[PDB]
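Presented as structure tokens, the chain that follows is alone, the form deposited in one PDB entry.
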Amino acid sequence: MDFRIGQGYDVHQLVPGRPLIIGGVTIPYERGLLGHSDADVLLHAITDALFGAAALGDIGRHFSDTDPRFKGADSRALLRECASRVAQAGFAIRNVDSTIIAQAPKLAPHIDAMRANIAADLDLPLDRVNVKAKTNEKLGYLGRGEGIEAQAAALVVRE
């Protein structure tokens, strides 16, 4: 079978005055991620991994910060559109795995919520979607709570 792998990366700054939205989940916190709309670092990484697996460029090439069509779209809408494009390219999604690196707050309570959102948007069984969380052991801008990173891996198959 015609399997393909994709990989994704994203990072945003963490500062007072924005809400924290990760994997479609709003998470209580003094601070939030700085970005164009919701700055959903996990959904962006996943979107990138899916475009990558399909060899369709990247998230910024499909959904520009300038495009009127996506001006007020949230990252779940973008993820859904991504999934439609991957489908039309001939690919079925097999699984997604991911890691959020955040020194704080605790993400574990929210993991099943994120998985549920992602599986819904990709039309995948829940057991094909995984999200993991790591601290940076107090190293670097991640370790000082200055930003949050997401990594993603996706496997697809041409059908």
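So that there is no doubt, residue numbering starts at 1 and follows the sequence shown. Heads up, when I say rigid core I mean the largest set of C-alphas that superpose within 1.5 Å between the two forms.
From this point on, the text means the form deposited in another entry, which you will not see here.
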{"property": "Large Cα move at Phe70 between this form and the one not shown, threshold 2 Å, rigid core", "result": "yes"}
{"property": "Pairwise C-alpha change, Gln13 versus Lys71, in the other entry against this form - closer or farther, 3 angstroms or more", "result": "closer"}
{"property": "Direction of the Cα shift between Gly72 and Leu34 in the other entry, where the change is 3 Å or more", "result": "closer"}
